[PDB]
Each structure stands twice: as structure tokens, then as C-alpha cells.
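Report on the structure given below.
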Amino acid sequence: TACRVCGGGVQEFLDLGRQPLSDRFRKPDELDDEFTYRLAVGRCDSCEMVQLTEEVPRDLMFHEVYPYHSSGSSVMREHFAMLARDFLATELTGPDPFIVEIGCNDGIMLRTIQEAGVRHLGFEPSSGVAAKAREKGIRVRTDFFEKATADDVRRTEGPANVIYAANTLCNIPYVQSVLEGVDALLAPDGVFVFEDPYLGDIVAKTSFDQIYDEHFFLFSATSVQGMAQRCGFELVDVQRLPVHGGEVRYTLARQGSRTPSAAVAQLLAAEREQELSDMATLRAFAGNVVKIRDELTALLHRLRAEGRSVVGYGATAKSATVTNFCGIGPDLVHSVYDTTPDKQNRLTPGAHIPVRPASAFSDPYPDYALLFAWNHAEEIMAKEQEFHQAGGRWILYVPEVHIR
Ligand SMILES: Cc1cn([C@H]2C[C@H](O)[C@@H](COP(=O)(O)OP(=O)(O)O[C@@H]3C[C@](C)(N)C(=O)[C@@H](C)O3)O2)c(=O)[nH]c1=O
Ligand SMILES: Nc1ncnc2c1ncn2[C@@H]1O[C@H](CSCC[C@H](N)C(=O)O)[C@@H](O)[C@H]1O
Ligand SMILES: [Zn+2]
């Protein structure tokens with residue numbers, strides 16, 4: 001496969017087998033026919049970009065009934081509001097500032113911008129969550145951001161001072177088109193800022209469930225620096241974030257317009273020192289992934305043989321990789337509890353575990369809950385103290401399989 005950033009050769013290091021769409025939740029009576037694709041991950045030989053080897057077409061993932069609602073997490077709501085206030089205090093202080101968000105979802109970030117009276121536009125090609133943002137008074141276009149739609153916004157609205165994307169840029173294999181988009185639309189002195197799951201964290205935590213249809217790229221500072229530079233931008237800041245299992249927020253500016261913070265060089269040097277993107281490191285990760293599969297299935301089967309009940313918690317997109325790679329279905333984990341109405345009373349993809357409202361996780365509790373939404377551990381466990389007090393325990397598989 002050719003690298004989507006530079007056209008280099010991509011070498012595979014992990015093959016997770018045949019997988020369903022991660023965000024497709026079927027009614028129980030639907031035909032058992034699903035779209036499947038081969039999920040495998042490689043690294044570009046030339047620019048070090050780690051990326052999937054098969055693309056899922058955008059319209060199969062993102063469309064009218066896409067079910068992920070960002071605002072379902074209190075930690076994320078606070079995280080995005082704070083980011084919005086930071087932009088309002090720094091990059092959006094001009095006379096007539098403009099901010100564009102790629103992937104605004106339900107408006108989790110842009111509601112703060114809208115509440116400050118700042119001109120803005122959200123790109124949200126999934127119309128059901130777009131309408132939730134529009135109900136908050138946010139300006140949203142139900143389109144994918146790409147060269148042409150960026151051109152159209154530049155023609156009608158002028159340059160954006162900030163273009164921001166969270167948990168969205170890594171989903172877009174046509175990143176070159178997005179970057180052309182950014183070049184057409186960003187002010188000469190603006191910034192393109194994006195935050196996504198960090199390769200460093202994935203490798204350290206063996207958090208392979210971060211790999212699924214919607215995560216095409218696993219960005220690093222080294223690869224993002226290369227990608228920027230090849231397109232006339234420059235990586236000028238990096239910030240590590242705890243959300244979503246570990247992320248980096250990357251700040252890109254037009255080349256030479258701003259001087260990189262010391263943080264960029266320091267993270268580049270740590271990745272080079274730790275051999276983050278070396279093929280050998282990435283294969284060692286792939287072998288750790290198999291070890292986690294084998295320990296998790298051994299545990300789940302032992303639990304069953306010992307007459308212990310087991311459910312899951314959080315109908316994450318990520319969990320589709322776990323259940324389908326590991327072969328875990330309703331035999332072993334009888335239900336998954338989730339707060340999203342459009343995932344409730346439906347079956348998880350590929351493995352077909354029933355999803356039930358989180359309100360149903362109550363006395364009498366199961367013996368064990370497999371914590372799919374482990375990136376939300378603290379928020380979830382805080383709301384489920386009674387479960388743990390009653391003696392129920394969590395099963396985690398990041399960074400290793402363990403119960404607590
Ligand atoms: C906080 C909380 C969540 N839950 C439930 C709600 C969600 O269905 C799921 C968590 O999904 P969560 O880890 O955020 O994203 P997912 O892996 O799906 O990934 C999705 C798809 C996507 C865009 N590709 C991505 O990268 C991230 C940003 O979002 O867990 C509770 O039940 N109780 C709670 O208290
Ligand atoms: N080319 C593109 N432009 C804009 N949004 C896109 C896109 N491709 C996918 N999306 C949107 O990207 C969103 C990813 S979900 C992440 C939402 C939010 N920023 C958060 O961090 O929680 C989805 O709502 C999807 O519809
Ligand atoms: Zn490349």
C-alpha cells in the first residue's frame with residue numbers, strides 16, 4: 001500500500017483480522033449481514049507515518065445515524081470548554097475572529113465559542129449529531145471538510161484564525177486534501193490545531209483497541225512534523241493530554257511564521273531516543289497485543305467455568321476491535337451497559353452482544369464488568385461506587401489484563 005501522506009511504501013506490523021464497522025449497532029432482529037474489511041496497521045518507509053492498510057469509505061462510517069455523542073462525558077465537556085476559552089484568550093482576540101472546527105459532533109467545543117459571540121463554523125457530515133449542535137445555536141455545515149468545501153467557506157466567510165479538529169483528523173485518509181483545505185482557508189498568521197490518540201501512549205499501554213475503522217492514522221510528533229513540512233506548514237507546539245487514553249495536541253503554523261516551542265524538539269528527541277517508530281518497536285507492540293488477547297480470553301473463560309457473571313461497560317467503538325479480534329461474544333460477556341440512547345436495545349458489531357442502558361447496571365450486580373470505556377475509568381467508577389461496594393469488580397485489559 002502507498003502512504004496517504006507522501007506516497008512512500010507502508011510496511012505492515014499488526015494484522016487484526018476481519019472487523020465490522022465499529023459504530024454500526026444493529027437491532028436484534030436485523031439480518032446478520034455486516035460490512036467487513038481487513039484491519040491491519042503499517043508504517044511508511046519514508047515519513048514514519050503509522051496508518052491502516054485498508055480504508056473504509058467515509059460514507060459507510062459517517063452519515064445520518066452515526067451514534068457517537070461527544071457530550072456524553074463530563075470530563076470531555078470540561079476539557080473542550082477549557083480549550084475553547086484558551087483559544088478565545090489567545091488566537092481569537094482580533095477584531096473579527098473566525099474559528100472553524102472539523103468534526104464538531106454535538107457541539108461539545110463550539111458551544112463555548114458561540115456563547116462568546118465569536119464567528120464560527122462546524123463541519124459535521126453526520127447529520128443527526130450536527131442537528132444536536134444546531135439546536136445549541138452553533139453554525140454547522142453538514143459536509144466533510146476537504147479542499148473543495150474549505151475553498152467554498154474561504155470564498156464566502158474569509159480566512160479562519162483557527163482551524164481545530166479533535167479525534168477527527170486521524171480518521172481521515174485524505175489528509176492531503178484536508179491540508180490543502182487548511183492552506184486555502186487559514187489566515188496567514190493562524191494555526192491548525194488537532195488532537196488525536198498518540199502513538200507513544202498506544203505503544204506504552206498496548207492499547208490496541210485504539211485501532212479500528214475510524215482511526216486511520218496513529219500520529220506521532222515525528223510523523224506530524226514530516227507531514228506539516230511537506231505541505232508548507234511547521235509543527236510549532238505539542239501538548240500531551242490524558243483524555244482518550246493519551247493524546248498529543250499538535251499546533252501547525254505556516255512555515256517560519258512562528259518559532260517552535262522547546263516542547264517540539266523535546267518530544268522529537270524522546271521519540272527518537274525511545275525508538276518509538278522503529279519497526280522493531282512496533283512489532284514488539286504487535287506481539288504484546290497477542291499476549292493481551294490470549295490472557296483476556298483465558299480469564300473470561302475461567303470466569304465462566306467458575307460460575308461468575310460478566311458484563312461489559314461502555315459500548316465504545318474501540319470495543320469492536322476487542323470483541324472481534326479476541327472472539328468475545330454474549331457467551332462470555334452477556335450485556336454491555338451504555339448511556340447512548342441510539343446504541344441501547346441494539347447489538348454490538350460483529351460480536352452481537354446486547355447493549356442495555358447504564359441505568360440497568362444496578363442491584364443485583366454482575367460479579368464482573370469488563371471495562372471497555374477504560375479511557376473514562378475515573379468518571380465511570382465515580383458514578384458506579386455502589387457496584388464496587390457490593391463486591392463487583394472491574395476487568396481491565398489496558399495496560400495489561402487485571403482485575404480491581
Ligand atoms: C463517560 C461515559 C461513557 N459511556 C459510554 C458512552 C460511549 O458510548 C462510550 C465511551 O466511548 P468513548 O470512549 O468516548 O469513544 P469510542 O471508543 O466510542 O470512540 C468514539 C468514536 C471516535 C469518534 N472514533 C473516537 O475516537 C472517540 C472520540 O469517540 O461509553 C457510558 O456509558 N458512561 C459514561 O459515564
Ligand atoms: N472530513 C471530515 N470533516 C469534518 N468532520 C468529519 C470528517 N470526517 C468525519 N467527521 C466527523 O468526525 C467526528 C469524529 S467524532 C469526534 C467528535 C469530537 N470532536 C470529539 O472529539 O469528541 C464525527 O462526528 C464525524 O462525523
Ligand atoms: Zn509517508
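Following the order of the C-alpha cells, chains are lettered A, B, ..., residues in each are numbered from 1, and ligands are numbered from 1.
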Residue set, segment 150-317 of chain A restricted to strand (DSSP E or B), as a PyMOL selection string: chain A and resi 160-166+186-197+217+233-241+247-254+310-313
Using only C-alpha atoms and all ligand atoms, which protein or nucleic acid residues are at most 7 Å from ligand 3, as number ranges by chain? A: 3-8, 44-49
Let me make sure I understand: among A:22, A:142, A:51, A:375, which one has the smallest atom-to-atom distance to residue 173 of chain A if we use only C-alpha atoms?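 Once distances to residue 173 of chain A are computed over only C-alpha atoms, the minimum belongs to A:51.
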Each residue of chain A with at least one atom at most 6 Å from ligand 1 should appear once, together with its nearest atom pair and the corresponding distance in Å (one decimal); atoms considered: only C-alpha atoms and all ligand atoms; ordering: chain, then increasing residue number; output as CSV.
```
residue,atom,partner,partner_atom_place_in_ligand_line,distance
A:68,CA,ligand 1,20 (C),5.8
A:72,CA,ligand 1,6 (C),5.9
A:73,CA,ligand 1,1 (C),4.0
A:167,CA,ligand 1,26 (O),4.9
A:214,CA,ligand 1,24 (N),5.0
A:314,CA,ligand 1,30 (O),3.7
A:315,CA,ligand 1,8 (O),4.7
A:316,CA,ligand 1,18 (O),3.4
A:317,CA,ligand 1,18 (O),3.8
A:318,CA,ligand 1,17 (O),4.3
A:338,CA,ligand 1,32 (O),3.5
A:339,CA,ligand 1,32 (O),4.0
A:340,CA,ligand 1,8 (O),5.6
A:358,CA,ligand 1,32 (O),5.9
A:373,CA,ligand 1,13 (O),4.9
A:375,CA,ligand 1,13 (O),5.9
A:376,CA,ligand 1,1 (C),5.2
A:379,CA,ligand 1,35 (O),5.8
A:380,CA,ligand 1,35 (O),4.5
```
Could you list, as a ChimeraX atom specification, all protein and nucleic acid residues with an atom at most 9 Å from ligand 2, counting only C-alpha atoms and all ligand atoms? /A:58-59,61-64,66-71,76-77,80,101-109,122-127,129-130,142-146,164-169,171-172,174-175,178,195-196,214
Write down as JSON, numbers by chain the residues of segment 13-189 of chain A whose backbone DSSP state falls under helix (DSSP H, G or I). {"A": [58, 59, 60, 61, 70, 71, 72, 74, 75, 76, 77, 78, 79, 80, 81, 82, 83, 84, 85, 86, 87, 88, 89, 110, 111, 112, 113, 114, 115, 127, 128, 129, 130, 131, 132, 133, 134, 135, 147, 148, 149, 150, 151, 152, 153, 154, 155, 156, 157, 169, 170, 171, 175, 176, 177, 178, 179, 180, 181, 182, 183, 184, 185]}
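Neighbours of residue 137 of chain A closer than or equal to 10 Å, with only C-alpha atoms counted and sequence neighbours fewer than 4 positions away skipped, come out as residues 107, 110, 111, 114, 115, 131, 132 and 133 of chain A.
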Taking N, CA, C and O atoms for each residue, export the selection above as a tab-separated table (two decimals), in the first residue's frame.
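Contents of the output file selection26.tsv:
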```tsv
chain	number	residue	atom	x	y	z
A	107	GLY	N	-21.49	19.58	19.14
A	107	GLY	CA	-21.18	20.96	19.55
A	107	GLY	C	-20.41	21.12	20.86
A	107	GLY	O	-20.30	22.25	21.37
A	110	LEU	N	-17.73	23.92	20.22
A	110	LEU	CA	-18.18	25.18	19.64
A	110	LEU	C	-19.26	25.91	20.45
A	110	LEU	O	-19.37	27.14	20.33
A	111	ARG	N	-20.01	25.22	21.29
A	111	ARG	CA	-20.98	25.93	22.14
A	111	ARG	C	-20.29	27.03	22.95
A	111	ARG	O	-20.87	28.11	23.12
A	114	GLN	N	-19.67	29.93	20.48
A	114	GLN	CA	-20.98	30.54	20.17
A	114	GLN	C	-21.42	31.41	21.33
A	114	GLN	O	-21.91	32.52	21.11
A	115	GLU	N	-21.22	30.92	22.56
A	115	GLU	CA	-21.61	31.68	23.75
A	115	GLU	C	-20.74	32.90	23.98
A	115	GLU	O	-21.20	33.83	24.64
A	131	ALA	N	-27.38	18.09	13.95
A	131	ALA	CA	-28.62	18.78	14.35
A	131	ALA	C	-28.57	19.02	15.86
A	131	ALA	O	-29.09	20.06	16.30
A	132	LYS	N	-27.99	18.13	16.66
A	132	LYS	CA	-27.86	18.45	18.08
A	132	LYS	C	-27.02	19.71	18.31
A	132	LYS	O	-27.32	20.48	19.21
A	133	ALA	N	-25.97	19.93	17.51
A	133	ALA	CA	-25.15	21.13	17.64
A	133	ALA	C	-26.00	22.32	17.21
A	133	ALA	O	-25.96	23.37	17.86
```
Spatial neighbours of segment 330-335 of chain A, 8 Å, only C-alpha atoms, chain gap at least 2 places, as a list in words: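 Selected residues are residues 300, 301, 304, 309, 310, 311, 312, 328, 337, 351, 352, 353, 354, 355, 356 and 370 of chain A.
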Looking at only C-alpha atoms, which of A:89, A:322, A:65, A:113 is the one that sits closest to residue 343 of chain A?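 Smallest distance to residue 343 of chain A is found for A:65.
For the pair atom CA of residue 398 of chain A and atom CA of residue 56 of chain A, the interatomic distance is 26.2 Å.
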Between atom CA of residue 336 of chain A and atom CA of residue 368 of chain A, distance in Å (one decimal): 11.7 Å
In terms of the shortest atom-to-atom distance over only C-alpha atoms, which of A:191, A:269, A:221, A:274 is closest to residue 233 of chain A?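 Among A:191, A:269, A:221, A:274, it is A:191 that comes nearest to residue 233 of chain A.
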Which is closest to residue 26 of chain A among A:347, A:14, A:289, A:252, if we use only C-alpha atoms?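 Among the listed residues, A:347 lies closest to residue 26 of chain A.
Look at residue 163 of chain A: the protein and nucleic acid residues within 6 Å of it, using only C-alpha atoms and passing over chain neighbours fewer than 4 places away, are residues 99, 100, 101 and 192 of chain A.
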Saved selection, atoms kept: N, CA and C atoms, as a PDB file, in the first residue's frame:
```
ATOM      1  N   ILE A  99     -13.341  30.995  13.755  1.00  0.00           N
ATOM      2  CA  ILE A  99     -12.834  29.645  14.034  1.00  0.00           C
ATOM      3  C   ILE A  99     -13.693  28.580  13.362  1.00  0.00           C
ATOM      4  N   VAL A 100     -13.023  27.655  12.687  1.00  0.00           N
ATOM      5  CA  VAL A 100     -13.675  26.520  12.048  1.00  0.00           C
ATOM      6  C   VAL A 100     -13.323  25.225  12.785  1.00  0.00           C
ATOM      7  N   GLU A 101     -14.317  24.409  13.137  1.00  0.00           N
ATOM      8  CA  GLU A 101     -13.976  23.116  13.694  1.00  0.00           C
ATOM      9  C   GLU A 101     -14.346  22.018  12.697  1.00  0.00           C
ATOM     10  N   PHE A 192      -3.503  25.700  12.711  1.00  0.00           N
ATOM     11  CA  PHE A 192      -4.307  24.485  12.547  1.00  0.00           C
ATOM     12  C   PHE A 192      -3.894  23.596  13.716  1.00  0.00           C
TER      13      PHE A 192
END
```
For residue 387 of chain A: contacts at 8 Å, only C-alpha atoms, fewer than 5 positions along chain excluded, given as number ranges by chain: A: 362-363, 365, 392-393
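When only C-alpha atoms are used to measure the gap to residue 55 of chain A, the shortest distance among A:247, A:213, A:271, A:152 belongs to A:213.
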What lies within 7 Å of residue 98 of chain A using only C-alpha atoms, ignoring chain neighbours under 5 positions off, as a PyMOL selection string? chain A and resi 118-120+160-162
